[PDB]
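Number of protein chains: 2
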Amino acid sequence: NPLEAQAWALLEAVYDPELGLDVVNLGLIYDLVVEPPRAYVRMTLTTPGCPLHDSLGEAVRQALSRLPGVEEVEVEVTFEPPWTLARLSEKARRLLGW
Amino acid sequence: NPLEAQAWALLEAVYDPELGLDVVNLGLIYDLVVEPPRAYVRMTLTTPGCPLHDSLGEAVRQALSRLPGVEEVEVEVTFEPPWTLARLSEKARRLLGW
Ligand SMILES: [Mg+2]
Ligand SMILES: [Mg+2]
Numbered sequence: 005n006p007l008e009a010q011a012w013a014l015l016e017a018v019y020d021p022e023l024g025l026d027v028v029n030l031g032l033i034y035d036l037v038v039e040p041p042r043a044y045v046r047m048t049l050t051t052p053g054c055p056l057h058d059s060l061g062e063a064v065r066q067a068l069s070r071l072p073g074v075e076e077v078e079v080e081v082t083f084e085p086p087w088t089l090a091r092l093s094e095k096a097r098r099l100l101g102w
Numbered sequence: 005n006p007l008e009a010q011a012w013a014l015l016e017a018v019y020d021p022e023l024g025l026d027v028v029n030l031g032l033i034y035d036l037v038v039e040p041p042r043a044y045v046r047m048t049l050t051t052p053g054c055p056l057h058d059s060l061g062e063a064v065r066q067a068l069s070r071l072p073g074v075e076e077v078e079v080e081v082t083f084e085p086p087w088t089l090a091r092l093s094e095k096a097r098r099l100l101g102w
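Given below as structure tokens:
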């Protein structure tokens, strides 16, 4: 499903403002399912508590809505499990310096 | 602290759109501290997951910002503990019919 690869590439352009890294390499994407006309993503945030405006979740929704055949995007934001820097990818660790 | 009573009265005018009851009688307010120039409230939502726009949390922030002497309102939205109808007040149960 090349659509899935397309989805990841799109998400890799969405950045967390506090850490300056994309949501994929930060390890914020917990699940991703793309089955036209629907796209589903389960993700978390880098800090606890629901913000008044989930700008990151909105950016992810907008990114996935660009997928061909996708007319509805469900973005589920959860804290289960809770995120920590241990979820950073190998690439992210290179970009950081680690 | 009459300011505290003022705060509760203000919150009793903020309604959850899905249930048609105010946040206080629904049992959504977990903690409330009013110490000028700051107001703090910890609350939850009636359904899981962080919404893209936390309109309820915003309404609570706007309501408390009307308190005299209060210049900053911190609204913490959590799911710990998770909410259920068991947290409804006695009054809410009368209003419902129970
Ligand atoms: Mg972890
Ligand atoms: Mg309960």
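Chains A and A', in that order, are what the protein sequence lines are. A prime marks a further copy of an entry chain.
Here the deposited numbering runs 4 ahead of the position in the first sequence, where the first position is 1.
Here the deposited numbering runs 4 ahead of the position in the second sequence, where the first position is 1.
Note that beta-carbon positions come from the ideal geometry of N, C-alpha and C, so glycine has one too.
{"Query": "Start-end ranges of the beta strand (DSSP E) lying completely within the region 41-82 of chain A', minimum 3 residues", "Result": "42-47, 76-81"}
{"Query": "8 Å Cβ cut-off: residues of chain A touching residue 80/A'", "Result": "53"}
{"Query": "Reference residue 97/A, options 37/A, 21/A, 28/A, 11/A, closest by Cα", "Result": "28/A"}
{"Query": "Within 8 Å, strictly: CB atoms of residue 48/A' and residue 83/A'", "Result": "yes"}
{"Query": "Ligand 2 heavy atom lying under 7 Å from the CB of residue 50/A", "Result": "no"}
{"Query": "Sub-8 Å separation of residue 14/A' and residue 68/A' beta-carbons", "Result": "yes"}
{"Query": "Residue 71/A' beta carbon less than 8 Å from that of residue 18/A'", "Result": "no"}
{"Query": "Beta-carbon neighbours of residue 35/A, restricted to chain A' and to distances below 8 Å", "Result": "The contacting residues do not exist; residue 35/A stays about 13 Å from chain A' at best."}
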